[PDB]
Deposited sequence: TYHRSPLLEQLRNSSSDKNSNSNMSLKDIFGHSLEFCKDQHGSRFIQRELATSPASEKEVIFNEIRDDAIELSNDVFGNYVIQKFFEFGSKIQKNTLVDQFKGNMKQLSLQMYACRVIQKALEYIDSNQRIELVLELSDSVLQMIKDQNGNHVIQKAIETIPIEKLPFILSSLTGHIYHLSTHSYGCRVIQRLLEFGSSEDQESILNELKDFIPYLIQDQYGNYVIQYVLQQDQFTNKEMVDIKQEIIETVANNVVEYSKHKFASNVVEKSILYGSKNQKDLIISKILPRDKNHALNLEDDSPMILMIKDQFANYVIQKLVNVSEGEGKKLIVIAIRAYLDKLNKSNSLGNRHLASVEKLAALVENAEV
């Protein structure tokens, strides 16, 4: 169409008043769309009204469109109350469907950010029986997370109530762990208790899972300002990591949990873990065996990071023994003859010097 051509072969520019014929067709076009987005951020109310009153009947369709969905979003960002209310009233009865669409879910997500608190819950209530389905969906899990971020959890009882029995499963799912992380962050002390109870028998599996290990890390980085349940669970995580320090350190996923353990654990919790790897004295340190924790760790692709980490978080008396042991390991390999130049040794080398 001619107007679209007058746009591209010119970018004395056009403005929103120039396209009163062809807004919908401008919105469904990539270039037309970026144009409208740009004008909406700086146009007076009158020009915004004219565009809106023209495309409003096709809001749902635009919400689903690859290029149009941004134009709908800009109306939540730069729109008037009257305009926002109108779009919301077109969403009523359609939450689930929109939330599952690849593009419209982005509009829904933007809307929750901008509409009034009552309209948020009003829309989200439509998902009250589809929560599990929403969390497993590639598009719906983000709407769920957004809902948790924008609405007070007291207004969202149906989220957790739909999850009980499924919490461990979800904590090892790709999307489930994100939601779980949000429920914990934004949940009441009781919600957190309900969640941590379904996990506290499975910390070993969680620590070594490709998704669950993030849930563990999130619990580890909490402070003792939190509830009675966090404190206890944070201890079982430390205790469990203590009992397995070496094997976890050599684990692709669990090695990250050991790092957070020693990074965010209390003075005692930390010493509990380090006392598993520390050479007994200045002598053991100078002459370690190839099967001592330290050495098994220095030589491992994942464990070397946990060693580096220990160097940093180490107190004077333990730090002392750790450094000398590392220095010693470089010597042996250095002298006797193939050449390695491994990055893990290079890293330990310099940071010691």
{"property": "Stretches with no C-alpha atoms in the model, relative to the deposited sequence starting at 1", "result": "1-4, 16-21, 348-349, 366-369"}
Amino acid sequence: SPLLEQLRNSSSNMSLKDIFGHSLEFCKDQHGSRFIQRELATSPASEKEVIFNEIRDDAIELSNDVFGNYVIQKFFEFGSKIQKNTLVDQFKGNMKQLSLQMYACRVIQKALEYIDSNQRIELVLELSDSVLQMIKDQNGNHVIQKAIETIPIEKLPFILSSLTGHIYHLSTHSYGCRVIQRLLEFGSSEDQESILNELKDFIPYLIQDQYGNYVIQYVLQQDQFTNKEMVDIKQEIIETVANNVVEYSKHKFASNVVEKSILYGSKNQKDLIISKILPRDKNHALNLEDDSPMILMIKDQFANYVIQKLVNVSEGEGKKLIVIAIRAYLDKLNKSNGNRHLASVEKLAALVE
From here on, numbers count along this sequence of modelled residues.
{"query": "260-268 versus 78-86 - which carries the larger mean C-alpha B factor in the record", "finding": "260-268"}
{"query": "Mean temperature factor over C-alpha atoms, higher-scoring stretch between 104-112 and 164-172", "finding": "164-172"}
{"query": "Out of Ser63, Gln301, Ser33, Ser46, highest CA B-factor residue", "finding": "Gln301"}
{"query": "Highest-ranked of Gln224, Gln97, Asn244, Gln208 once sorted by CA temperature factor in the record", "finding": "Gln224"}
{"query": "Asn283 - Cα temperature factor, lowest/middle/highest third of chain", "finding": "highest"}
{"query": "CA B-factor ranking of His251, expressed as a third of its chain", "finding": "middle"}
{"query": "Position of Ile135 among the chain's modelled residues by C-alpha B-factor, lowest, middle or highest third", "finding": "lowest"}
{"query": "CA B-factor placement of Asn53, once the chain's modelled residues are sorted into thirds", "finding": "middle"}
{"query": "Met230, C-alpha B-factor rank within chain (lowest, middle or highest third)", "finding": "highest"}
